[PDB]
Amino acid sequence: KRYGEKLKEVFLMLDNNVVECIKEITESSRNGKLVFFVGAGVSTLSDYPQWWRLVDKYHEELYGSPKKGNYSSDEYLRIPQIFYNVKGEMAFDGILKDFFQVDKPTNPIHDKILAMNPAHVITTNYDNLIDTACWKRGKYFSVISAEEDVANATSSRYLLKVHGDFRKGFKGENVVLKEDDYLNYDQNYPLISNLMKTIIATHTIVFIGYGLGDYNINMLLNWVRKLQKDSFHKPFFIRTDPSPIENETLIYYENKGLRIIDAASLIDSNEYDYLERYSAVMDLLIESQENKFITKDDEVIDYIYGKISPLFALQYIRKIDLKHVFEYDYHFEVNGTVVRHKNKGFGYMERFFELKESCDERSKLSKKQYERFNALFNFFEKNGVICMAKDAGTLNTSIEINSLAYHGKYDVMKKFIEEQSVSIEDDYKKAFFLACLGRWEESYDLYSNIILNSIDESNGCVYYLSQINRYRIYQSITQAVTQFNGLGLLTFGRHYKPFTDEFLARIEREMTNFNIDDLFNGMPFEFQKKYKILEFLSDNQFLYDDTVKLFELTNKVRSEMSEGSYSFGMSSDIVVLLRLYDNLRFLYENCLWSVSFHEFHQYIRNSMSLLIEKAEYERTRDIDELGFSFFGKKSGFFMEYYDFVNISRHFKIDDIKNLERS
Amino acid sequence: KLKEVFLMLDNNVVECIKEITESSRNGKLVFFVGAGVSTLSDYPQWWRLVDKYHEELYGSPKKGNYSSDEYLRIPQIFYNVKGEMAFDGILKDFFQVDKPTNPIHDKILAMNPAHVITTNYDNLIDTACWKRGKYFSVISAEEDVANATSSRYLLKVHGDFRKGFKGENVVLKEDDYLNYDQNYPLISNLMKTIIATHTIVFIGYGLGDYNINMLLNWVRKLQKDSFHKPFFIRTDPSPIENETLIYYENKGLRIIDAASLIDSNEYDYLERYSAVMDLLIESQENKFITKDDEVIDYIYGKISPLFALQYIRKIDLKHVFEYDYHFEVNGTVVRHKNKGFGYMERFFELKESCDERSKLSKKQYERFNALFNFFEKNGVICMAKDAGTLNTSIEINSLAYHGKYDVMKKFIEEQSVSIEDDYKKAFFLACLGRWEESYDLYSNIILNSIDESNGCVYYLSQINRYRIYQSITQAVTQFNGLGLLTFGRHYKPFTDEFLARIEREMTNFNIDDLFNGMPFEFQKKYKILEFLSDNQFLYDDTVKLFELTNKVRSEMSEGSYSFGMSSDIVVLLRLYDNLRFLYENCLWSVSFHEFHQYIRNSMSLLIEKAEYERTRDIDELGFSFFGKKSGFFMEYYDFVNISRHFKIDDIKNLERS
Ligand SMILES: NC(=O)c1ccc[n+]([C@@H]2O[C@H](COP(=O)([O-])OP(=O)(O)OC[C@H]3O[C@@H](n4cnc5c(N)ncnc54)[C@H](O)[C@@H]3O)[C@@H](O)[C@H]2O)c1
Ligand SMILES: NC(=O)c1ccc[n+]([C@@H]2O[C@H](COP(=O)([O-])OP(=O)(O)OC[C@H]3O[C@@H](n4cnc5c(N)ncnc54)[C@H](O)[C@@H]3O)[C@@H](O)[C@H]2O)c1
């Protein structure tokens, strides 16, 4: 608690450089492209026998007593080999076994490194501690200690254990410890050597547990020396030695390709408080990831703008989608009021609403922030966002859909189609209108053209939506052809051929072995991060949770005793109606063809029928409980133009008769 | 016609085709695309330019086959003597030209390759990609590796002229090849890491290619049998001899000579390409069930992982076989969306006939026995058309269902011997009133399941622990706020430290990603369990109940009287199947409120239908002797269900109605 503030004090103290390091690392963490090269120090915390202690065992067994001290890199690798060569190989394995067979505990740092959502973890350790913490937390990684495993992996995420491991047996052949092990590494570990390097090239590397004079750190530095300048992202280093890095050192290693983050300088601790140093440099990143470090109105404005700007390409956003956009930090209700939800940090949305309420506070902001605030205000007013539920009141709700297709303006749609397009969005709307009028070959051609142009235009959204709509158009064409060939000729009295053989053959040939499941995955990770809410558009079926939620309308105990638990003092009727309206508006305003499928019609029918049945039952129970004059002819369900058109479009004669007689 | 080709395909060919297809359905195939593919699109073959340099340098063509040396030297002699400008001039002239995406390009992208490494300077693979609508990050220069934005890559290992038709952006002359790893260290490694972790299928190269031969000399060094032998799609007119087939096969390759697959004239290239490319590999994407033993092996492969569980819902089986057949609640099997050999019908025929079972070879009768036992226990009887007199029975062996609390206490007290006993003990503790002990035991099981296993018990323990934590949180919420008034005292079932610890431990846990984070092998083997992590477990049954309620109430209003089987039997069958599945697998989902509501609705509809069918014996039997006898009557299981899943208000309402 007090330290929490001290962590923030450290955070305040962080020079721009440490903040930048933390910044890129935290962004990388989120992108899914961080890797941690975890060395020995992170396990000396768990007391895993340090190496000098084993090099020392060998010195004492070999010659007779411990060395002077300061084993260099050479002695680190040669005393093990001398013993191996002179005292034996089966003894070498016994010394190892005695020290390394001891099961140690798992440190706090092991879960922090894993808390940052590391894409992979490279490690020059034989211990199975990263590999146990992984399991405790549930993070499944593919451990690669041996060459044989490089190809027999399962996940793309990896626990690359360079320098082997004792999973197969405590023998110095299953690990890299002595001089020859390190000398012939490339020859004896070709695939693991490469896997480490490709990962270093692509993902961001944050070293933790190594010295700057470590053998491995300086080996990688010589490889990176070869790499082309700016062909690689510089790796970060976490120096947890117990003192400030001599500025000279900082520079040399900085130029060699490191970006040190000395903990000794970021906090103050005793000479032997190694864990403290780790936690300091490690916590700044963890908290920073959570965006807990934020105080200014400009900061929350920038955060919300960065989160919201990509959605401007759309026309309407469902209230449920906003929950996923903000990562469950807030609940977005159909009523338009938003509430806090598992948010441990600054109330940025509270600040945004407070700014909206008061003009002077808005004037306090800068000019660019003022423009961003204006844009966000416009977007929120369009999508229907109100202040917090605490500050709520007699909020109203009206349904309005801006779409010529919904209102059946066939003449206006044809006139628009006949016009000359000016933008790709106009082409998308034209294709949707063509599909709505039954002209499906023209819609397919226009969607193909839009797909061809968007990829070059860098319009990922239109590209994705056009691909989905083209697939749906192809499916509709296929089912229509099957129906016409199966029964169309009989009922019509004559065989009808709306589509020529050449077009059918061409579409069959072009869309062969097509898979809509992998469409979203292949898009760049930037798009997947910005527009994740659209993933559900690629699923085979949807609107299942909404259908399941209809059970509440079938409840009977509510009439005897109802608490209005749904939302805040709202019945399930209003919630379901607003959910249906939101779904309808989102589908119709975004020009999506999925409206024309059986599932949507069935969902609409079920919702409307259950709502009307609940209204009738409520009226009957009200009449029964009180006198007949009380609600004798009261109508618990009120209809409007939108309900009329919905019923007309989505109900059959049998459904209407069943509703009327029910 | 390809049927004959298929028939002819030797075991070798079909084995190659099998692995290539299967790797693709997993997402691990990679195509090494060479020059030939682009010559199908009449792109200047290299020797055309080697010969252009050999003419502007010397004065004529080499009138001979360019060796591996002259391919790389003639370009360099010209560069060293005629300069960079002209070198790049001929480059612009021959290569600044548009050519069409040949058919083989699309075939390749139809295999949905994970990556496409290529030694081509052209952009034909890239165009086919955009046209197909398949994205790939193109890496053709060192810098591109660090700035890529996708997992998939179009690694152009010899550069491309996308940055201009200069020779500085490509590998063609000799110095470029000699200093390759020095100049392209990142792309060199990337290719090699993919080769190691993906199945490579070369296409567009000859066995004597410089590149093919260099890769093979590196695989020699791998020297740990840690590499998947790369397939090589030969497509030269003549048939590959045997001496070479042996030598190059030993050197690391798996040749698939198209000449052997299909006969052709000396210059029929797109023909040899297509046959091996799609008319075989792509056309063989399906199964090859043609023997009495392959049926048993396939069924055992699809059914073995389910042995870890105790019972399987019949409806869920629809997803096990990928919609190949419809499984009905009454135990009947119907064909649906299956165009290949009928293997379940063959299995049923073998079950009926003992001689067919005797025909099975050794080591396969035990698998048939296990499958027969599993199907008999699950209740699958036979195919629909051969249906006999189906029967209905109820049997739940779960101890907690019958409310034998003392027996569960004794079981908990007794020592455990296997993690299954620990799971049962955790379920018993949850059903007895110990949330802390159940949580601790679930955590213990999660910790101790590190050893090799199917990963099922670990996943179920995680889900159960999450649900138990949710129940603990709700209990605390209604204790600290309402427990004071309910009992008049501040009841403290759990200490603050335990609550804080459990809150801290899973503050980052997200049930949504629990299934995705599991190994890929588990996902393709135990996919049915995914629905256990959301309300999708109870979607189809609820819709069916709604439809049946609507139909039954419509018939009630009409007043018709059928003389056949009751139309609400499916509701009872689904209800009992769901109860058995949830109770025999020791799952906490039995405690959910939506499950209680569904049970209440189903039994209320059943009771209403029974009450209506009770009174019909006075109208239909009063005007004519013709009538019916079938009905519904109370029993122990229904009594327990009602006592557990109904409130006093619902029972009073049913009594009134
Ligand atoms: N060969 C030797 O130099 C030698 C000989 C005898 C004793 N020691 C002892 O070993 C200790 C560490 O030296 P080293 O061999 O690891 O090389 P080192 O000090 O270069 O270690 C590099 C990294 O290991 C981490 N680390 C070191 N000791 C740690 C600890 N106790 N807990 C957590 N992290 C730790 C540090 O954060 C550092 O970043 C020294 O304090 C020294 O007393 C070293
Ligand atoms: N040796 C030369 O440099 C040279 C000189 C002049 C003419 N040619 C002519 O060019 C042809 C191929 O020359 P190469 O040295 O590249 O052969 P190659 O064997 O090196 O070709 C490599 C791969 O490309 C394939 N391939 C060859 N021609 C193809 C085509 N037109 N379409 C599709 N795939 C094709 C081959 O089957 C082989 O698998 C020869 O038939 C020859 O008549 C070659």
# chains A, B, ... in the order shown; residues from 1 in each chain; ligands from 1
>>> select_by_dssp(residues="segment 258-469 of chain A", states="strand (DSSP E or B)", output="list in words")
residues 259, 260, 330, 331, 332, 338, 339, 340 and 388 of chain A
>>> interface_residues(of="chain A", to="chain B", cutoff="6 Å", atoms="only C-alpha atoms", output="list in words")
residues 148, 151, 195, 198, 202, 231, 232, 513, 522 and 524 of chain A
>>> write_last_selection(atoms="N, CA and C atoms", output="CSV table (one decimal), in the first residue's frame")
chain,number,residue,atom,x,y,z
A,148,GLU,N,15.5,-32.8,-31.0
A,148,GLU,CA,14.3,-33.6,-31.3
A,148,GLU,C,13.0,-32.9,-31.1
A,151,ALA,N,10.8,-29.9,-33.8
A,151,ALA,CA,9.9,-30.2,-34.9
A,151,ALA,C,8.6,-30.9,-34.4
A,195,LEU,N,16.1,-21.2,-33.6
A,195,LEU,CA,14.8,-20.8,-33.1
A,195,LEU,C,14.9,-19.6,-32.2
A,198,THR,N,15.6,-16.4,-34.6
A,198,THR,CA,14.5,-15.9,-35.3
A,198,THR,C,13.5,-15.2,-34.3
A,202,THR,N,12.2,-11.2,-34.5
A,202,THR,CA,10.8,-10.8,-34.6
A,202,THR,C,10.2,-10.2,-33.3
A,231,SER,N,17.6,-3.6,-38.5
A,231,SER,CA,17.0,-4.8,-39.1
A,231,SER,C,16.4,-5.5,-37.9
A,232,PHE,N,16.7,-5.1,-36.7
A,232,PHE,CA,16.3,-5.8,-35.5
A,232,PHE,C,15.8,-4.7,-34.4
A,513,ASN,N,-12.4,-24.7,-52.0
A,513,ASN,CA,-11.6,-24.9,-50.8
A,513,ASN,C,-11.6,-23.6,-49.9
A,522,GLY,N,-5.9,-14.3,-40.5
A,522,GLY,CA,-4.9,-13.9,-41.5
A,522,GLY,C,-4.7,-12.4,-41.6
A,524,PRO,N,-3.8,-8.6,-40.4
A,524,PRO,CA,-2.7,-8.2,-39.6
A,524,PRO,C,-3.1,-8.0,-38.1
>>> select_by_dssp(residues="segment 130-198 of chain A", states="helix (DSSP H, G or I)", output="PyMOL selection string")
chain A and resi 130-137+147-149+179-183+185-188+190-198
>>> write_last_selection(atoms="N, CA and C atoms", output="PDB file, in the first residue's frame")
ATOM      1  N   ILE A 130      10.452 -22.330 -14.505  1.00  0.00           N
ATOM      2  CA  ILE A 130       9.629 -21.553 -15.410  1.00  0.00           C
ATOM      3  C   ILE A 130       8.578 -22.505 -15.849  1.00  0.00           C
ATOM      4  N   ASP A 131       8.967 -23.753 -16.023  1.00  0.00           N
ATOM      5  CA  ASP A 131       8.064 -24.754 -16.523  1.00  0.00           C
ATOM      6  C   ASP A 131       7.031 -25.199 -15.504  1.00  0.00           C
ATOM      7  N   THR A 132       7.262 -24.958 -14.217  1.00  0.00           N
ATOM      8  CA  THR A 132       6.247 -25.280 -13.205  1.00  0.00           C
ATOM      9  C   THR A 132       5.322 -24.109 -12.959  1.00  0.00           C
ATOM     10  N   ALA A 133       5.865 -22.908 -12.892  1.00  0.00           N
ATOM     11  CA  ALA A 133       5.038 -21.739 -12.725  1.00  0.00           C
ATOM     12  C   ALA A 133       4.102 -21.631 -13.907  1.00  0.00           C
ATOM     13  N   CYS A 134       4.582 -21.973 -15.094  1.00  0.00           N
ATOM     14  CA  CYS A 134       3.745 -21.959 -16.272  1.00  0.00           C
ATOM     15  C   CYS A 134       2.539 -22.801 -15.994  1.00  0.00           C
ATOM     16  N   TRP A 135       2.753 -24.021 -15.529  1.00  0.00           N
ATOM     17  CA  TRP A 135       1.659 -24.940 -15.283  1.00  0.00           C
ATOM     18  C   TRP A 135       0.733 -24.474 -14.169  1.00  0.00           C
ATOM     19  N   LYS A 136       1.286 -23.932 -13.093  1.00  0.00           N
ATOM     20  CA  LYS A 136       0.457 -23.451 -11.996  1.00  0.00           C
ATOM     21  C   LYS A 136      -0.509 -22.401 -12.487  1.00  0.00           C
ATOM     22  N   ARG A 137      -0.003 -21.481 -13.313  1.00  0.00           N
ATOM     23  CA  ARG A 137      -0.804 -20.395 -13.860  1.00  0.00           C
ATOM     24  C   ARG A 137      -1.670 -20.878 -15.004  1.00  0.00           C
ATOM     25  N   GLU A 147      17.012 -31.064 -29.458  1.00  0.00           N
ATOM     26  CA  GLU A 147      16.821 -30.825 -30.880  1.00  0.00           C
ATOM     27  C   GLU A 147      15.618 -31.561 -31.380  1.00  0.00           C
ATOM     28  N   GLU A 148      15.470 -32.802 -30.968  1.00  0.00           N
ATOM     29  CA  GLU A 148      14.314 -33.603 -31.344  1.00  0.00           C
ATOM     30  C   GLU A 148      12.973 -32.931 -31.148  1.00  0.00           C
ATOM     31  N   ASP A 149      12.869 -31.999 -30.214  1.00  0.00           N
ATOM     32  CA  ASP A 149      11.592 -31.387 -29.907  1.00  0.00           C
ATOM     33  C   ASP A 149      11.278 -30.197 -30.763  1.00  0.00           C
ATOM     34  N   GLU A 179      33.119 -26.812 -21.214  1.00  0.00           N
ATOM     35  CA  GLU A 179      33.649 -26.058 -22.345  1.00  0.00           C
ATOM     36  C   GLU A 179      33.261 -26.563 -23.689  1.00  0.00           C
ATOM     37  N   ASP A 180      33.180 -27.864 -23.872  1.00  0.00           N
ATOM     38  CA  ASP A 180      32.925 -28.399 -25.189  1.00  0.00           C
ATOM     39  C   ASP A 180      31.482 -28.317 -25.480  1.00  0.00           C
ATOM     40  N   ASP A 181      30.675 -28.365 -24.450  1.00  0.00           N
ATOM     41  CA  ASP A 181      29.269 -28.218 -24.639  1.00  0.00           C
ATOM     42  C   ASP A 181      29.065 -26.867 -25.277  1.00  0.00           C
ATOM     43  N   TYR A 182      29.695 -25.840 -24.739  1.00  0.00           N
ATOM     44  CA  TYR A 182      29.564 -24.490 -25.268  1.00  0.00           C
ATOM     45  C   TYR A 182      30.313 -24.287 -26.582  1.00  0.00           C
ATOM     46  N   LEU A 183      31.382 -25.033 -26.818  1.00  0.00           N
ATOM     47  CA  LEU A 183      32.187 -24.864 -28.029  1.00  0.00           C
ATOM     48  C   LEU A 183      31.495 -25.364 -29.263  1.00  0.00           C
ATOM     49  N   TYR A 185      28.261 -25.783 -29.723  1.00  0.00           N
ATOM     50  CA  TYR A 185      26.844 -25.604 -29.519  1.00  0.00           C
ATOM     51  C   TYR A 185      26.106 -25.586 -30.814  1.00  0.00           C
ATOM     52  N   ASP A 186      26.588 -24.822 -31.767  1.00  0.00           N
ATOM     53  CA  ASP A 186      25.907 -24.685 -33.036  1.00  0.00           C
ATOM     54  C   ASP A 186      25.806 -25.998 -33.764  1.00  0.00           C
ATOM     55  N   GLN A 187      26.839 -26.822 -33.676  1.00  0.00           N
ATOM     56  CA  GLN A 187      26.829 -28.121 -34.318  1.00  0.00           C
ATOM     57  C   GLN A 187      25.899 -29.080 -33.611  1.00  0.00           C
ATOM     58  N   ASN A 188      25.838 -29.029 -32.294  1.00  0.00           N
ATOM     59  CA  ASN A 188      25.039 -29.976 -31.536  1.00  0.00           C
ATOM     60  C   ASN A 188      23.646 -29.465 -31.245  1.00  0.00           C
ATOM     61  N   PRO A 190      21.658 -27.188 -33.600  1.00  0.00           N
ATOM     62  CA  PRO A 190      21.409 -26.299 -34.740  1.00  0.00           C
ATOM     63  C   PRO A 190      20.036 -25.670 -34.766  1.00  0.00           C
ATOM     64  N   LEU A 191      19.004 -26.451 -34.541  1.00  0.00           N
ATOM     65  CA  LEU A 191      17.639 -25.963 -34.596  1.00  0.00           C
ATOM     66  C   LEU A 191      17.253 -25.071 -33.421  1.00  0.00           C
ATOM     67  N   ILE A 192      17.734 -25.370 -32.223  1.00  0.00           N
ATOM     68  CA  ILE A 192      17.453 -24.543 -31.060  1.00  0.00           C
ATOM     69  C   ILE A 192      18.208 -23.239 -31.169  1.00  0.00           C
ATOM     70  N   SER A 193      19.400 -23.265 -31.728  1.00  0.00           N
ATOM     71  CA  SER A 193      20.132 -22.032 -31.921  1.00  0.00           C
ATOM     72  C   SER A 193      19.359 -21.118 -32.849  1.00  0.00           C
ATOM     73  N   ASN A 194      18.883 -21.646 -33.962  1.00  0.00           N
ATOM     74  CA  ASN A 194      18.116 -20.864 -34.915  1.00  0.00           C
ATOM     75  C   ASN A 194      16.804 -20.361 -34.364  1.00  0.00           C
ATOM     76  N   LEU A 195      16.068 -21.196 -33.649  1.00  0.00           N
ATOM     77  CA  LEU A 195      14.773 -20.806 -33.119  1.00  0.00           C
ATOM     78  C   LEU A 195      14.932 -19.608 -32.208  1.00  0.00           C
ATOM     79  N   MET A 196      15.961 -19.603 -31.370  1.00  0.00           N
ATOM     80  CA  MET A 196      16.227 -18.472 -30.506  1.00  0.00           C
ATOM     81  C   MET A 196      16.459 -17.233 -31.306  1.00  0.00           C
ATOM     82  N   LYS A 197      17.229 -17.322 -32.381  1.00  0.00           N
ATOM     83  CA  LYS A 197      17.583 -16.133 -33.154  1.00  0.00           C
ATOM     84  C   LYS A 197      16.426 -15.545 -33.932  1.00  0.00           C
ATOM     85  N   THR A 198      15.612 -16.375 -34.556  1.00  0.00           N
ATOM     86  CA  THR A 198      14.451 -15.872 -35.268  1.00  0.00           C
ATOM     87  C   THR A 198      13.503 -15.188 -34.294  1.00  0.00           C
TER      88      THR A 198
END
>>> residues_near_ligand(ligand="ligand 2", cutoff="7 Å", atoms="only C-alpha atoms and all ligand atoms", output="list in words")
residues 35, 36, 37, 39, 40, 45, 47, 64, 65, 66, 204, 205, 206, 209, 234, 235, 236, 237, 267, 269 and 270 of chain B
>>> write_last_selection(atoms="C-alpha atoms", output="CSV table (one decimal), in the first residue's frame")
chain,number,residue,atom,x,y,z
B,35,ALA,CA,11.2,-20.7,-61.0
B,36,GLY,CA,9.2,-23.2,-63.0
B,37,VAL,CA,5.9,-22.1,-61.5
B,39,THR,CA,7.6,-20.0,-66.4
B,40,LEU,CA,4.0,-21.3,-66.5
B,45,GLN,CA,13.5,-17.9,-67.4
B,47,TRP,CA,18.9,-18.5,-68.7
B,64,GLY,CA,24.9,-25.0,-74.4
B,65,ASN,CA,23.2,-25.8,-71.1
B,66,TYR,CA,24.2,-23.3,-68.5
B,204,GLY,CA,9.2,-25.4,-59.3
B,205,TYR,CA,12.7,-26.8,-58.9
B,206,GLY,CA,14.7,-29.6,-60.3
B,209,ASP,CA,18.9,-26.9,-58.4
B,234,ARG,CA,9.3,-33.3,-59.6
B,235,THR,CA,7.6,-32.1,-62.8
B,236,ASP,CA,10.2,-32.7,-65.6
B,237,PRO,CA,8.9,-34.5,-68.7
B,267,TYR,CA,6.5,-29.9,-73.1
B,269,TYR,CA,4.2,-28.8,-68.1
B,270,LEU,CA,1.0,-27.4,-66.7
>>> residues_near_ligand(ligand="ligand 1", cutoff="6 Å", atoms="only C-alpha atoms and all ligand atoms", output="MDAnalysis selection string")
chainID A and resid 40:42 44:45 52 69:71 209:211 239:241 274:275
>>> write_last_selection(atoms="N, CA, C and O atoms", output="PDB file, in the first residue's frame")
ATOM      1  N   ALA A  40      20.010 -17.000 -15.037  1.00  0.00           N
ATOM      2  CA  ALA A  40      20.170 -17.684 -13.765  1.00  0.00           C
ATOM      3  C   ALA A  40      19.629 -16.940 -12.591  1.00  0.00           C
ATOM      4  O   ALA A  40      18.954 -17.519 -11.770  1.00  0.00           O
ATOM      5  N   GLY A  41      19.911 -15.661 -12.499  1.00  0.00           N
ATOM      6  CA  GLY A  41      19.508 -14.899 -11.352  1.00  0.00           C
ATOM      7  C   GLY A  41      18.091 -15.106 -10.932  1.00  0.00           C
ATOM      8  O   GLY A  41      17.810 -15.082  -9.747  1.00  0.00           O
ATOM      9  N   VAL A  42      17.187 -15.309 -11.866  1.00  0.00           N
ATOM     10  CA  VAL A  42      15.778 -15.417 -11.513  1.00  0.00           C
ATOM     11  C   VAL A  42      15.523 -16.722 -10.765  1.00  0.00           C
ATOM     12  O   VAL A  42      14.471 -16.876 -10.170  1.00  0.00           O
ATOM     13  N   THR A  44      18.260 -18.163  -8.789  1.00  0.00           N
ATOM     14  CA  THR A  44      19.078 -18.095  -7.593  1.00  0.00           C
ATOM     15  C   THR A  44      18.160 -17.591  -6.522  1.00  0.00           C
ATOM     16  O   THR A  44      18.384 -17.844  -5.346  1.00  0.00           O
ATOM     17  N   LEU A  45      17.105 -16.888  -6.901  1.00  0.00           N
ATOM     18  CA  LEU A  45      16.117 -16.446  -5.937  1.00  0.00           C
ATOM     19  C   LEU A  45      15.496 -17.658  -5.243  1.00  0.00           C
ATOM     20  O   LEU A  45      15.287 -17.622  -4.039  1.00  0.00           O
ATOM     21  N   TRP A  52      28.647 -21.285  -9.723  1.00  0.00           N
ATOM     22  CA  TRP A  52      29.959 -21.232  -9.117  1.00  0.00           C
ATOM     23  C   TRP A  52      30.022 -22.272  -8.016  1.00  0.00           C
ATOM     24  O   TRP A  52      31.087 -22.781  -7.722  1.00  0.00           O
ATOM     25  N   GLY A  69      38.820 -17.583  -5.922  1.00  0.00           N
ATOM     26  CA  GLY A  69      37.545 -16.910  -6.094  1.00  0.00           C
ATOM     27  C   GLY A  69      37.476 -16.258  -7.454  1.00  0.00           C
ATOM     28  O   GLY A  69      38.408 -16.377  -8.246  1.00  0.00           O
ATOM     29  N   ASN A  70      36.373 -15.579  -7.732  1.00  0.00           N
ATOM     30  CA  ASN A  70      36.217 -14.869  -8.999  1.00  0.00           C
ATOM     31  C   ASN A  70      36.385 -15.772 -10.215  1.00  0.00           C
ATOM     32  O   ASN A  70      37.006 -15.383 -11.200  1.00  0.00           O
ATOM     33  N   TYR A  71      35.809 -16.964 -10.168  1.00  0.00           N
ATOM     34  CA  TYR A  71      35.879 -17.838 -11.317  1.00  0.00           C
ATOM     35  C   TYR A  71      35.548 -17.001 -12.526  1.00  0.00           C
ATOM     36  O   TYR A  71      34.508 -16.360 -12.566  1.00  0.00           O
ATOM     37  N   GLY A 209      17.871 -11.582 -15.353  1.00  0.00           N
ATOM     38  CA  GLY A 209      18.603 -12.598 -14.605  1.00  0.00           C
ATOM     39  C   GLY A 209      20.018 -12.759 -15.018  1.00  0.00           C
ATOM     40  O   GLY A 209      20.713 -13.584 -14.469  1.00  0.00           O
ATOM     41  N   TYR A 210      20.461 -11.965 -15.964  1.00  0.00           N
ATOM     42  CA  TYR A 210      21.790 -12.100 -16.493  1.00  0.00           C
ATOM     43  C   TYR A 210      22.650 -10.962 -16.058  1.00  0.00           C
ATOM     44  O   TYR A 210      22.136  -9.969 -15.560  1.00  0.00           O
ATOM     45  N   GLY A 211      23.955 -11.083 -16.218  1.00  0.00           N
ATOM     46  CA  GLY A 211      24.840  -9.978 -15.937  1.00  0.00           C
ATOM     47  C   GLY A 211      25.082  -9.384 -17.290  1.00  0.00           C
ATOM     48  O   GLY A 211      24.567  -9.907 -18.267  1.00  0.00           O
ATOM     49  N   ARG A 239      19.081  -4.851 -15.291  1.00  0.00           N
ATOM     50  CA  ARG A 239      20.282  -5.030 -14.488  1.00  0.00           C
ATOM     51  C   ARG A 239      19.920  -4.936 -13.025  1.00  0.00           C
ATOM     52  O   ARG A 239      19.579  -3.870 -12.536  1.00  0.00           O
ATOM     53  N   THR A 240      20.007  -6.047 -12.313  1.00  0.00           N
ATOM     54  CA  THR A 240      19.642  -6.091 -10.911  1.00  0.00           C
ATOM     55  C   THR A 240      20.881  -6.351 -10.083  1.00  0.00           C
ATOM     56  O   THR A 240      20.814  -7.017  -9.061  1.00  0.00           O
ATOM     57  N   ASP A 241      22.025  -5.847 -10.531  1.00  0.00           N
ATOM     58  CA  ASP A 241      23.231  -5.948  -9.729  1.00  0.00           C
ATOM     59  C   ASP A 241      23.029  -4.915  -8.657  1.00  0.00           C
ATOM     60  O   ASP A 241      22.267  -3.976  -8.859  1.00  0.00           O
ATOM     61  N   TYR A 274      18.597  -8.723  -3.789  1.00  0.00           N
ATOM     62  CA  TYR A 274      18.430  -8.935  -5.212  1.00  0.00           C
ATOM     63  C   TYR A 274      16.945  -9.004  -5.545  1.00  0.00           C
ATOM     64  O   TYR A 274      16.516  -8.381  -6.504  1.00  0.00           O
ATOM     65  N   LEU A 275      16.139  -9.693  -4.751  1.00  0.00           N
ATOM     66  CA  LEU A 275      14.733  -9.814  -5.113  1.00  0.00           C
ATOM     67  C   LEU A 275      14.075  -8.450  -5.199  1.00  0.00           C
ATOM     68  O   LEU A 275      13.191  -8.239  -6.019  1.00  0.00           O
TER      69      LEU A 275
END
>>> residues_around(residues="segment 418-428 of chain B", least_positions_apart="3", cutoff="10 Å", atoms="only C-alpha atoms", output="ChimeraX atom specification")
/B:398-400,405,407-409,411-415,431-435,437-442,444-446,448-449,457-458,460-461,464-465,583-588
>>> residues_around(residues="residue 68 of chain A", least_positions_apart="4", cutoff="12 Å", atoms="only C-alpha atoms", output="PyMOL selection string")
chain A and resi 52+56+59-60+72+75
>>> residues_around(residues="residue 355 of chain A", least_positions_apart="2", cutoff="12 Å", atoms="only C-alpha atoms", output="NGL selection string")
:A and (297-298 or 300-301 or 348-353 or 357-365 or 369-370 or 373-374 or 376-377 or 387)
>>> residues_around(residues="residue 89 of chain A", least_positions_apart="6", cutoff="10 Å", atoms="only C-alpha atoms", output="count of residues only")
5
>>> residues_around(residues="residue 455 of chain A", least_positions_apart="2", cutoff="12 Å", atoms="only C-alpha atoms", output="number ranges by chain")
A: 424, 448-453, 457-464, 466-467, 523; B: 127, 129-135
>>> closest_residue(among="B:342, B:331, B:34, B:27", to="residue 382 of chain B", atoms="only C-alpha atoms")
B:331
